[PDB]
Amino acid sequence: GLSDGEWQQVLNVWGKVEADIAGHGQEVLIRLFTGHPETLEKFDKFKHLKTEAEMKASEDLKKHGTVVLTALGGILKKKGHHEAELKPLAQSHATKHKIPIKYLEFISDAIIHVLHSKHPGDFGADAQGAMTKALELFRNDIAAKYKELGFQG
Ligand code: HEM
Ligand SMILES: [O-]
């Protein structure tokens with residue numbers, strides 16, 4: 001798990017996201033979709049986004065980014081005691097949305113990238129370490145639920 005000190009770093013970093021949830025969420029999704037176009041195909045409602053300009057101009061994409069980061073933030077604030085919050089997300093992503101765990105790895109990486117891009121020089125090595133541990137814990141707990149379901153893709 002994460003130490004108390006690491007959790008404090010995670011939630012300090014998260015304050016930066018909370019100042020502009022929509023902006024961070026949009027950039028995370030655009031980073032995901034442009035780096036990994038297969039992920040866009042999982043979103044019937046974003047499939048029409050044929051260019052990054054279209055992605056940037058999409059208010060519904062920003063809206064979904066808000067939904068995604070709001071959910072993640074609620075999970076992070078539980079500091080690992082997130083079974084109730086995480087189980088339903090894992091199950092909806094496996095059974096309804098059909099999201100392979102690889103794509104959760106991709107979005108975790110996107111979050112780290114966006115944090116550096118939006119806060120260059122203000123996302124220190126300790127902060128990156130702590131946030132990485134938190135995202136790995138999130139991903140790994142989802143992975144356990146995916147295994148229960150026998151879900152791969
Ligand atoms: C940080 C990781 C993620 C979080 C916190 C998250 C959160 C959410 C939430 C809260 C919803 C709405 C409720 C639900 O259906 O469960 C949702 C819907 C959805 N998610 Fe995610 N998600 C994540 C990653 C992903 C990834 C990586 C993909 C695909 C590459 C994805 C695909 C979808 C799709 C297709 C929907 C339905 C969208 C719609 O048509 O309204 N999610 N997600
Ligand atoms: O999502």
# chains A, B, ... in the order shown; residues from 1 in each chain; ligands from 1
call {"tool": "residues_near_ligand", "arguments": {"ligand": "ligand 1", "cutoff": "6 Å", "atoms": "only C-alpha atoms and all ligand atoms", "output": "number ranges by chain"}}
result
A: 39, 42-43, 45, 67-69, 71-72, 89, 92, 97, 99, 103-104, 107
call {"tool": "write_last_selection", "arguments": {"atoms": "N, CA, C and O atoms", "output": "PDB file, in the first residue's frame"}}
result
ATOM      1  N   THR A  39      -8.733   3.139 -28.376  1.00  0.00           N
ATOM      2  CA  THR A  39      -9.523   3.444 -27.191  1.00  0.00           C
ATOM      3  C   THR A  39     -10.748   4.275 -27.548  1.00  0.00           C
ATOM      4  O   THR A  39     -11.802   4.147 -26.923  1.00  0.00           O
ATOM      5  N   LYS A  42     -14.021   2.488 -28.252  1.00  0.00           N
ATOM      6  CA  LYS A  42     -14.830   2.006 -27.136  1.00  0.00           C
ATOM      7  C   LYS A  42     -15.933   2.997 -26.777  1.00  0.00           C
ATOM      8  O   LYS A  42     -16.865   2.651 -26.055  1.00  0.00           O
ATOM      9  N   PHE A  43     -15.811   4.225 -27.283  1.00  0.00           N
ATOM     10  CA  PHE A  43     -16.766   5.290 -26.997  1.00  0.00           C
ATOM     11  C   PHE A  43     -17.575   5.575 -28.250  1.00  0.00           C
ATOM     12  O   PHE A  43     -17.155   6.350 -29.114  1.00  0.00           O
ATOM     13  N   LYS A  45     -19.874   7.457 -28.516  1.00  0.00           N
ATOM     14  CA  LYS A  45     -20.189   8.880 -28.570  1.00  0.00           C
ATOM     15  C   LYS A  45     -18.990   9.786 -28.855  1.00  0.00           C
ATOM     16  O   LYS A  45     -19.135  11.004 -28.945  1.00  0.00           O
ATOM     17  N   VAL A  67     -16.537  13.672 -15.500  1.00  0.00           N
ATOM     18  CA  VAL A  67     -17.109  12.485 -14.876  1.00  0.00           C
ATOM     19  C   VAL A  67     -15.981  11.522 -14.466  1.00  0.00           C
ATOM     20  O   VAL A  67     -15.960  10.997 -13.340  1.00  0.00           O
ATOM     21  N   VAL A  68     -15.032  11.307 -15.370  1.00  0.00           N
ATOM     22  CA  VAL A  68     -13.939  10.373 -15.110  1.00  0.00           C
ATOM     23  C   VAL A  68     -13.071  10.826 -13.939  1.00  0.00           C
ATOM     24  O   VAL A  68     -12.801  10.061 -13.012  1.00  0.00           O
ATOM     25  N   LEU A  69     -12.618  12.073 -13.973  1.00  0.00           N
ATOM     26  CA  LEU A  69     -11.729  12.516 -12.899  1.00  0.00           C
ATOM     27  C   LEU A  69     -12.447  12.702 -11.575  1.00  0.00           C
ATOM     28  O   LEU A  69     -11.844  12.558 -10.519  1.00  0.00           O
ATOM     29  N   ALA A  71     -14.810  10.706 -10.520  1.00  0.00           N
ATOM     30  CA  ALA A  71     -14.874   9.350  -9.968  1.00  0.00           C
ATOM     31  C   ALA A  71     -13.515   8.935  -9.391  1.00  0.00           C
ATOM     32  O   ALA A  71     -13.428   8.396  -8.282  1.00  0.00           O
ATOM     33  N   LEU A  72     -12.461   9.196 -10.153  1.00  0.00           N
ATOM     34  CA  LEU A  72     -11.116   8.842  -9.712  1.00  0.00           C
ATOM     35  C   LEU A  72     -10.750   9.589  -8.431  1.00  0.00           C
ATOM     36  O   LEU A  72     -10.161   9.019  -7.507  1.00  0.00           O
ATOM     37  N   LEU A  89     -17.202   0.297 -10.610  1.00  0.00           N
ATOM     38  CA  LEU A  89     -16.473   0.865 -11.736  1.00  0.00           C
ATOM     39  C   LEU A  89     -15.777  -0.249 -12.519  1.00  0.00           C
ATOM     40  O   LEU A  89     -15.815  -0.303 -13.749  1.00  0.00           O
ATOM     41  N   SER A  92     -18.507  -2.283 -14.304  1.00  0.00           N
ATOM     42  CA  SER A  92     -19.111  -1.632 -15.456  1.00  0.00           C
ATOM     43  C   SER A  92     -18.099  -1.571 -16.591  1.00  0.00           C
ATOM     44  O   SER A  92     -18.459  -1.760 -17.749  1.00  0.00           O
ATOM     45  N   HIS A  97     -18.654  -1.863 -20.668  1.00  0.00           N
ATOM     46  CA  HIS A  97     -17.848  -1.065 -21.581  1.00  0.00           C
ATOM     47  C   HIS A  97     -16.773  -1.852 -22.302  1.00  0.00           C
ATOM     48  O   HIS A  97     -16.250  -1.391 -23.311  1.00  0.00           O
ATOM     49  N   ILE A  99     -13.593  -2.760 -21.457  1.00  0.00           N
ATOM     50  CA  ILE A  99     -12.330  -2.038 -21.464  1.00  0.00           C
ATOM     51  C   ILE A  99     -11.201  -2.929 -20.943  1.00  0.00           C
ATOM     52  O   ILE A  99     -11.126  -3.201 -19.741  1.00  0.00           O
ATOM     53  N   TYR A 103      -6.003  -0.671 -21.293  1.00  0.00           N
ATOM     54  CA  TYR A 103      -6.459   0.697 -21.534  1.00  0.00           C
ATOM     55  C   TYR A 103      -6.423   1.498 -20.233  1.00  0.00           C
ATOM     56  O   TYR A 103      -6.289   2.722 -20.266  1.00  0.00           O
ATOM     57  N   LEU A 104      -6.582   0.821 -19.093  1.00  0.00           N
ATOM     58  CA  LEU A 104      -6.452   1.478 -17.784  1.00  0.00           C
ATOM     59  C   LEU A 104      -4.993   1.846 -17.522  1.00  0.00           C
ATOM     60  O   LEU A 104      -4.691   2.870 -16.890  1.00  0.00           O
ATOM     61  N   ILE A 107      -4.506   5.001 -19.600  1.00  0.00           N
ATOM     62  CA  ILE A 107      -5.048   6.243 -19.045  1.00  0.00           C
ATOM     63  C   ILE A 107      -4.261   6.660 -17.797  1.00  0.00           C
ATOM     64  O   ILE A 107      -4.108   7.848 -17.523  1.00  0.00           O
TER      65      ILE A 107
END
call {"tool": "residues_around", "arguments": {"residues": "residue 98 of chain A", "least_positions_apart": "5", "cutoff": "10 Å", "atoms": "only C-alpha atoms", "output": "PyMOL selection string"}}
result
chain A and resi 42+91-93+151-153
call {"tool": "write_last_selection", "arguments": {"atoms": "N, CA, C and O atoms", "output": "PDB file, in the first residue's frame"}}
result
ATOM      1  N   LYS A  42     -14.021   2.488 -28.252  1.00  0.00           N
ATOM      2  CA  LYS A  42     -14.830   2.006 -27.136  1.00  0.00           C
ATOM      3  C   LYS A  42     -15.933   2.997 -26.777  1.00  0.00           C
ATOM      4  O   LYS A  42     -16.865   2.651 -26.055  1.00  0.00           O
ATOM      5  N   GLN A  91     -16.615  -3.364 -12.537  1.00  0.00           N
ATOM      6  CA  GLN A  91     -17.580  -4.246 -13.160  1.00  0.00           C
ATOM      7  C   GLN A  91     -18.247  -3.588 -14.371  1.00  0.00           C
ATOM      8  O   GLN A  91     -18.508  -4.245 -15.379  1.00  0.00           O
ATOM      9  N   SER A  92     -18.507  -2.283 -14.304  1.00  0.00           N
ATOM     10  CA  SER A  92     -19.111  -1.632 -15.456  1.00  0.00           C
ATOM     11  C   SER A  92     -18.099  -1.571 -16.591  1.00  0.00           C
ATOM     12  O   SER A  92     -18.459  -1.760 -17.749  1.00  0.00           O
ATOM     13  N   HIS A  93     -16.829  -1.347 -16.269  1.00  0.00           N
ATOM     14  CA  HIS A  93     -15.828  -1.261 -17.321  1.00  0.00           C
ATOM     15  C   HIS A  93     -15.517  -2.590 -17.990  1.00  0.00           C
ATOM     16  O   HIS A  93     -15.241  -2.626 -19.189  1.00  0.00           O
ATOM     17  N   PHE A 151     -12.585 -11.538 -17.230  1.00  0.00           N
ATOM     18  CA  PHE A 151     -12.574 -10.589 -18.339  1.00  0.00           C
ATOM     19  C   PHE A 151     -11.175 -10.286 -18.818  1.00  0.00           C
ATOM     20  O   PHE A 151     -10.277 -10.006 -18.018  1.00  0.00           O
ATOM     21  N   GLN A 152     -11.003 -10.319 -20.133  1.00  0.00           N
ATOM     22  CA  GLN A 152      -9.730  -9.979 -20.746  1.00  0.00           C
ATOM     23  C   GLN A 152      -9.889  -8.814 -21.714  1.00  0.00           C
ATOM     24  O   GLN A 152      -9.070  -7.893 -21.730  1.00  0.00           O
ATOM     25  N   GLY A 153     -10.951  -8.844 -22.515  1.00  0.00           N
ATOM     26  CA  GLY A 153     -11.170  -7.791 -23.510  1.00  0.00           C
ATOM     27  C   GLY A 153     -12.475  -7.966 -24.264  1.00  0.00           C
ATOM     28  O   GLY A 153     -13.144  -8.992 -24.140  1.00  0.00           O
TER      29      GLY A 153
END
call {"tool": "residues_around", "arguments": {"residues": "segment 122-136 of chain A", "least_positions_apart": "2", "cutoff": "10 Å", "atoms": "only C-alpha atoms", "output": "ChimeraX atom specification"}}
result
/A:1-3,5-14,16,72,75-76,79-80,104-105,107-109,111-112,115-120,138-142
call {"tool": "select_by_dssp", "arguments": {"residues": "chain A", "states": "helix (DSSP H, G or I)", "output": "PyMOL selection string"}}
result
chain A and resi 4-18+21-35+37-42+52-57+59-76+83-96+101-118+125-149
call {"tool": "closest_residue", "arguments": {"among": "A:100, A:65, A:15, A:121", "to": "residue 27 of chain A", "atoms": "only C-alpha atoms"}}
result
A:65
call {"tool": "residues_around", "arguments": {"residues": "segment 47-50 of chain A", "least_positions_apart": "2", "cutoff": "12 Å", "atoms": "only C-alpha atoms", "output": "list in words"}}
result
residues 29, 30, 33, 34, 37, 38, 39, 40, 41, 42, 43, 44, 45, 52, 53, 54, 55, 56, 57, 58, 59, 60 and 61 of chain A
call {"tool": "write_last_selection", "arguments": {"atoms": "N, CA and C atoms", "output": "PDB file, in the first residue's frame"}}
result
ATOM      1  N   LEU A  29      -8.184  12.571 -21.573  1.00  0.00           N
ATOM      2  CA  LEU A  29      -8.871  11.796 -22.612  1.00  0.00           C
ATOM      3  C   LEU A  29      -8.264  12.017 -23.994  1.00  0.00           C
ATOM      4  N   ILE A  30      -7.900  13.252 -24.318  1.00  0.00           N
ATOM      5  CA  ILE A  30      -7.300  13.494 -25.623  1.00  0.00           C
ATOM      6  C   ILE A  30      -5.944  12.796 -25.733  1.00  0.00           C
ATOM      7  N   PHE A  33      -6.780   9.142 -26.360  1.00  0.00           N
ATOM      8  CA  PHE A  33      -7.358   8.865 -27.670  1.00  0.00           C
ATOM      9  C   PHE A  33      -6.354   9.057 -28.798  1.00  0.00           C
ATOM     10  N   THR A  34      -5.499  10.067 -28.676  1.00  0.00           N
ATOM     11  CA  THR A  34      -4.541  10.347 -29.745  1.00  0.00           C
ATOM     12  C   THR A  34      -3.354   9.383 -29.696  1.00  0.00           C
ATOM     13  N   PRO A  37      -5.525   5.239 -30.548  1.00  0.00           N
ATOM     14  CA  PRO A  37      -6.817   5.415 -31.226  1.00  0.00           C
ATOM     15  C   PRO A  37      -7.816   4.289 -31.015  1.00  0.00           C
ATOM     16  N   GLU A  38      -7.338   3.084 -30.720  1.00  0.00           N
ATOM     17  CA  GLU A  38      -8.258   1.978 -30.468  1.00  0.00           C
ATOM     18  C   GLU A  38      -9.187   2.291 -29.295  1.00  0.00           C
ATOM     19  N   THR A  39      -8.733   3.139 -28.376  1.00  0.00           N
ATOM     20  CA  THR A  39      -9.523   3.444 -27.191  1.00  0.00           C
ATOM     21  C   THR A  39     -10.748   4.275 -27.548  1.00  0.00           C
ATOM     22  N   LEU A  40     -10.616   5.122 -28.570  1.00  0.00           N
ATOM     23  CA  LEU A  40     -11.722   5.965 -29.003  1.00  0.00           C
ATOM     24  C   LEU A  40     -12.891   5.088 -29.442  1.00  0.00           C
ATOM     25  N   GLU A  41     -12.571   3.927 -30.007  1.00  0.00           N
ATOM     26  CA  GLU A  41     -13.592   3.047 -30.571  1.00  0.00           C
ATOM     27  C   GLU A  41     -14.475   2.432 -29.501  1.00  0.00           C
ATOM     28  N   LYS A  42     -14.021   2.488 -28.252  1.00  0.00           N
ATOM     29  CA  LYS A  42     -14.830   2.006 -27.136  1.00  0.00           C
ATOM     30  C   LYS A  42     -15.933   2.997 -26.777  1.00  0.00           C
ATOM     31  N   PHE A  43     -15.811   4.225 -27.283  1.00  0.00           N
ATOM     32  CA  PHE A  43     -16.766   5.290 -26.997  1.00  0.00           C
ATOM     33  C   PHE A  43     -17.575   5.575 -28.250  1.00  0.00           C
ATOM     34  N   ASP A  44     -18.745   4.967 -28.355  1.00  0.00           N
ATOM     35  CA  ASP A  44     -19.593   5.250 -29.504  1.00  0.00           C
ATOM     36  C   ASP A  44     -19.819   6.752 -29.640  1.00  0.00           C
ATOM     37  N   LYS A  45     -19.874   7.457 -28.516  1.00  0.00           N
ATOM     38  CA  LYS A  45     -20.189   8.880 -28.570  1.00  0.00           C
ATOM     39  C   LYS A  45     -18.990   9.786 -28.855  1.00  0.00           C
ATOM     40  N   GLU A  52      -7.955  15.850 -33.630  1.00  0.00           N
ATOM     41  CA  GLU A  52      -7.712  16.388 -32.299  1.00  0.00           C
ATOM     42  C   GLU A  52      -8.391  17.746 -32.100  1.00  0.00           C
ATOM     43  N   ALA A  53      -8.500  18.518 -33.179  1.00  0.00           N
ATOM     44  CA  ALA A  53      -9.201  19.789 -33.105  1.00  0.00           C
ATOM     45  C   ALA A  53     -10.641  19.524 -32.728  1.00  0.00           C
ATOM     46  N   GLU A  54     -11.244  18.513 -33.353  1.00  0.00           N
ATOM     47  CA  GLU A  54     -12.617  18.163 -33.030  1.00  0.00           C
ATOM     48  C   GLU A  54     -12.689  17.715 -31.573  1.00  0.00           C
ATOM     49  N   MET A  55     -11.689  16.961 -31.124  1.00  0.00           N
ATOM     50  CA  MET A  55     -11.644  16.545 -29.726  1.00  0.00           C
ATOM     51  C   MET A  55     -11.609  17.740 -28.784  1.00  0.00           C
ATOM     52  N   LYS A  56     -10.758  18.712 -29.098  1.00  0.00           N
ATOM     53  CA  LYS A  56     -10.603  19.896 -28.255  1.00  0.00           C
ATOM     54  C   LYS A  56     -11.887  20.714 -28.209  1.00  0.00           C
ATOM     55  N   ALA A  57     -12.603  20.741 -29.333  1.00  0.00           N
ATOM     56  CA  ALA A  57     -13.834  21.527 -29.463  1.00  0.00           C
ATOM     57  C   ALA A  57     -15.063  20.840 -28.873  1.00  0.00           C
ATOM     58  N   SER A  58     -14.913  19.583 -28.474  1.00  0.00           N
ATOM     59  CA  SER A  58     -16.053  18.820 -27.982  1.00  0.00           C
ATOM     60  C   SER A  58     -16.377  19.092 -26.517  1.00  0.00           C
ATOM     61  N   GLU A  59     -17.536  19.683 -26.264  1.00  0.00           N
ATOM     62  CA  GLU A  59     -17.912  19.959 -24.894  1.00  0.00           C
ATOM     63  C   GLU A  59     -18.333  18.683 -24.181  1.00  0.00           C
ATOM     64  N   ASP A  60     -18.861  17.726 -24.932  1.00  0.00           N
ATOM     65  CA  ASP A  60     -19.240  16.475 -24.320  1.00  0.00           C
ATOM     66  C   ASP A  60     -18.017  15.680 -23.873  1.00  0.00           C
ATOM     67  N   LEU A  61     -16.901  15.814 -24.591  1.00  0.00           N
ATOM     68  CA  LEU A  61     -15.661  15.167 -24.183  1.00  0.00           C
ATOM     69  C   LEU A  61     -15.163  15.756 -22.863  1.00  0.00           C
TER      70      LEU A  61
END
call {"tool": "atom_distance", "arguments": {"atom1": "atom CA of residue 145 of chain A", "atom2": "atom CA of residue 110 of chain A"}}
result
22.3 Å
call {"tool": "closest_residue", "arguments": {"among": "A:77, A:21, A:84, A:90", "to": "ligand 2", "atoms": "only C-alpha atoms and all ligand atoms"}}
result
A:90
call {"tool": "atom_distance", "arguments": {"atom1": "atom CA of residue 70 of chain A", "atom2": "atom CA of residue 95 of chain A"}}
result
21.3 Å
call {"tool": "residues_around", "arguments": {"residues": "residue 22 of chain A", "least_positions_apart": "5", "cutoff": "8 Å", "atoms": "only C-alpha atoms", "output": "PDB file with N, CA, C and O atoms, in the first residue's frame"}}
result
ATOM      1  N   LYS A  62     -15.254  17.070 -22.729  1.00  0.00           N
ATOM      2  CA  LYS A  62     -14.872  17.732 -21.479  1.00  0.00           C
ATOM      3  C   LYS A  62     -15.790  17.247 -20.364  1.00  0.00           C
ATOM      4  O   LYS A  62     -15.346  16.989 -19.251  1.00  0.00           O
ATOM      5  N   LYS A  63     -17.080  17.124 -20.667  1.00  0.00           N
ATOM      6  CA  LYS A  63     -18.036  16.617 -19.694  1.00  0.00           C
ATOM      7  C   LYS A  63     -17.655  15.214 -19.228  1.00  0.00           C
ATOM      8  O   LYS A  63     -17.649  14.924 -18.028  1.00  0.00           O
ATOM      9  N   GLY A  65     -14.724  13.916 -19.321  1.00  0.00           N
ATOM     10  CA  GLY A  65     -13.478  14.061 -18.576  1.00  0.00           C
ATOM     11  C   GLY A  65     -13.762  14.440 -17.134  1.00  0.00           C
ATOM     12  O   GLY A  65     -13.116  13.948 -16.205  1.00  0.00           O
ATOM     13  N   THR A  66     -14.736  15.318 -16.938  1.00  0.00           N
ATOM     14  CA  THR A  66     -15.153  15.685 -15.590  1.00  0.00           C
ATOM     15  C   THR A  66     -15.705  14.472 -14.837  1.00  0.00           C
ATOM     16  O   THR A  66     -15.387  14.271 -13.669  1.00  0.00           O
TER      17      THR A  66
END
call {"tool": "atom_distance", "arguments": {"atom1": "atom CA of residue 64 of chain A", "atom2": "atom CA of residue 51 of chain A"}}
result
17.6 Å
